[PDB]
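Let's start with one chain on its own, the form deposited without the ligand, as structure tokens.
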């Protein structure tokens, strides 16, 4: 019968910090992690900035020998996973290793490594492709490498659902625990899409902000002057654990995961429907799964991408789901500060939602100077808002019309 699931550990690399506390300090201070990209020459590109992880030292985690074989998205996902496992205090033993699994996902995976090997193939020949090309690039190898390093023998998989990946990863990992397939899961996502193919491919779709001359103001969810998403890198990981398992070992519990929703839009390969119908279906599924009155929702960490169509679809979905209560809850987009971590967005934002519960504060939507037509909810413009938060919801929406919603609540 369905077990309860709590959060006992969290880990992060983001454009605001090399761990959770440093990132959250930046979130609550309204700080932007966005800057001109330094790691490559983008003069031929329409977008030349994004949210880089600054000063990442892989030798805090892995030998230089192993790090050299692994795409940055794997290095970032292992960094966040190791932080989360250490934060949990959990000791892996022969008695429990078969009951601990991992579900760390990515939207795009090891595009930097694939591009660099493609360069070798075309400039030199196939004999110069790395022997580590496949295991160092493919998306399931955060789960694989974490399992090898920590001895995790539970369910071992990876989701790839574009910008919904981190939220789906955490929800499905929670279902694994709820249904008794595991007692502990490390779940979340990682992304490092800031290579020519990533910036070029999103640039070709004209999906990205082109505010090159003022990168910290580019990400402006629900602002009338928004012009697309800001591409960002990093990772979030959470240790999910069955409630009685956590209680038995005296774990510190940050919050309980009470609800998860999925829905498909079935509308368009890339565009969200203007009325947010799929997002509304998804939230309603999540609230019913959590056994809640929608009026219990205090805080929503929106997807809030800073796209014209995305941001207004989310307002429409929240109004449809919450009715008059839409005007009482607080909703913010932390992408205003972090940018869009794609398959890691739902993972870092789940962590921000749990910290909103721990600290009783709604993170701001920075850059919300002139709310657009109909964007008239409490969007926590400019500055963090201390408030009562018993229930927090984190939404994600992606290409393919794929939607996820997580519902967290205070645990006493």
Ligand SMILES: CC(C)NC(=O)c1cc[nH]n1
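Residue numbers count along the first chain shown, from 1.
What comes next is about the form solved in complex with the ligand, which is not displayed.
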**OP:** Label the site open or blocked after overlaying the ligand from its pose in the entry with it bound onto the shown form by the C-alphas around the site (blocked when 3+ ligand atoms sit within 2.4 Å of backbone or C-beta).
**Re:** open
**OP:** Could you tell me if all three of 279, 310 and 313 have a heavy atom no more than 4.5 Å from the ligand in the entry with it bound?
**Re:** yes
Subject >> 4.5 angstroms heavy atom contact with the ligand in the entry with it bound for residue 397 >> reply: yes
Subject >> is_contact(residue 272, the ligand) in the entry with it bound, heavy atom dist at most 4.5 Å >> reply: yes
Original post:
If you look in the entry with it bound, which residues in 32-69 sit within 4.5 Å of the ligand (heavy atoms)?
Top reply: none
